[PDB]
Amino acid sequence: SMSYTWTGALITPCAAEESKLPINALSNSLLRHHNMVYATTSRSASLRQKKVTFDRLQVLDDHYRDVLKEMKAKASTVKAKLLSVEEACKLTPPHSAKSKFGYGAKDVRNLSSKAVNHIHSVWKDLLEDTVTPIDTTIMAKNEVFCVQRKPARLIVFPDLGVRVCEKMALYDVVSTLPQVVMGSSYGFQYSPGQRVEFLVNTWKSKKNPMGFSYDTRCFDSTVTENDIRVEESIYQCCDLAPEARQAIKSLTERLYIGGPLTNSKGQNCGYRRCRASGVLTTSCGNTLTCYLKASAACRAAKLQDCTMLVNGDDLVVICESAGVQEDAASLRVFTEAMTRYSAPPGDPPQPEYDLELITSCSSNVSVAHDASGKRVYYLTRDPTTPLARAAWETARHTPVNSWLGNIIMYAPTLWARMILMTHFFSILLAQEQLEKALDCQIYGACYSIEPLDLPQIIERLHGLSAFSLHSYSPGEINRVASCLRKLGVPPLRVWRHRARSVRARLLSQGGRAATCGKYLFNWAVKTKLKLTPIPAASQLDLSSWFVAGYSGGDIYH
């Protein structure tokens, strides 16, 4: 069966699209090599269409059904609640795409009589009809990258009224089921610190550790009707209200398994028979299906003492090495099993015996030292894409502030501290916009965050030591330095100088502003202050930040 079929109508934009890096008076201070930064546009949709369109075959064996039985036994212990219309409305992002039916994201959030009545009638239709495919819009995403050019990614989503209904039937399920099912292998339950801790403690629990990441080529396209019906059977093990069972069956048949594709102008583009990337279950569905295939593939491969780490389509395995020749042979069998299961690799998997050389979720463990000289593991990544996007965001307001999400997720890193913090605090100060709440995304969900709150956020997520890491690894330093030469970003010595200034500028204003000065930029002074817990930190509500992923899920936290 083919992942998609097309009519030959084009995937169309719904607004002006820029591909070329916009330049303003601030650009050059961050990045000189402008022509290396670009955004994807609908003009490359055609190329993406060819990549994501193929035939899927699937051959399911006893290892597969064995892991599924287990997954189902654990799912059966979950009790999930239906959300009210009101609860589902408050989870809607203020800037979520409006409905074709005369109300938008703000009408929903306000419980306007029109939004609510439409939601009620879409809900009602879900209960009455488990057959008619639900319409979706297919769009090309505008995303910013550094060259070496990718084609636009595609997003496929139903109407707003449908999205609210999805939250009602499934929010509690997608938030609570995957950790019950997958235990410590479910990646989205951890903050980046907790994730590094889980990986180190897993690497260490092996006599002779071996690990690998596994990248499925176009994972969403590899998701078959079988896979999506199997996800449905797992959801349906939960102790649910009968009305919820019905809405879930309905959304599965009419939306999750497939449906017609419509462009921004109302033309039929074709039909989908694979994972929709802009539905509530995209993340949970991908995590379960990836975990189910991979667990069964470990058994086929006879890997010893496997520990998986799964975040949607992103997969890490750590196990007991059987020796280097045996390990390489085992990975080949794993890949064969994965592929029979319909999930062939993009890049063939490579066994690693060094934890820091495994990249998953584009990220890796590394080490630096705290104030006391002690070893600290933290999560980092290649900064090329973060810096490319910071340049873009320097010159344009965008819906999502990746610079802010990167500061939060990668606060302990040399590149987030020296460059991202320094640059954006200078920009914010000069506009007196430190208090202005900004939208960013973390594990796919949307958050509205005042820069002035960064210090307490970072402390909670990463702890105090994030403000005093130093003595980064040669490998990390070399990768950062190499990325700055590529993009023509000023060298770290310039950034320290700038940070002193930005730091001095912030200390003046006192209050929260001075706290950012003191905590964020303490690395920039020769004689470091002492950093002590910030009071307003445990007063903040952060539980609920790392419970589940919601990539494509239209979730506001």
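Position 1 is the first residue in the sequence shown; the rest follow in order.
In this entry, no coordinate-free residues of the deposited sequence separate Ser84 from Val85. Comparing the deposited coordinates for 343-351 and 216-224, the stretch with the larger average C-alpha B-factor is 343-351. On average the C-alpha atoms of 507-515 have higher B-factors than those of the other stretch, with 23-31 and 507-515 being the two compared.
Annotation for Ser402, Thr385, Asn478, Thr132: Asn478 ranks highest, by Cα B-factor. As recorded in the PDB entry, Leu303 shows the highest C-alpha B-factor of the residues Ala337, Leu160, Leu303, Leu292. For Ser3, the recorded CA temperature factor ranks within the lowest third of the chain's modelled residues.
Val67: CA B factor in the lowest third of modelled residues in this chain (values from the PDB entry). Annotation for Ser471: CA B-factor lies in the highest third of the chain's modelled residues. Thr53: CA B factor lies in the lowest third for its chain, per the PDB record.
In the PDB entry, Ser121 places in the middle third of its chain by CA B-factor.
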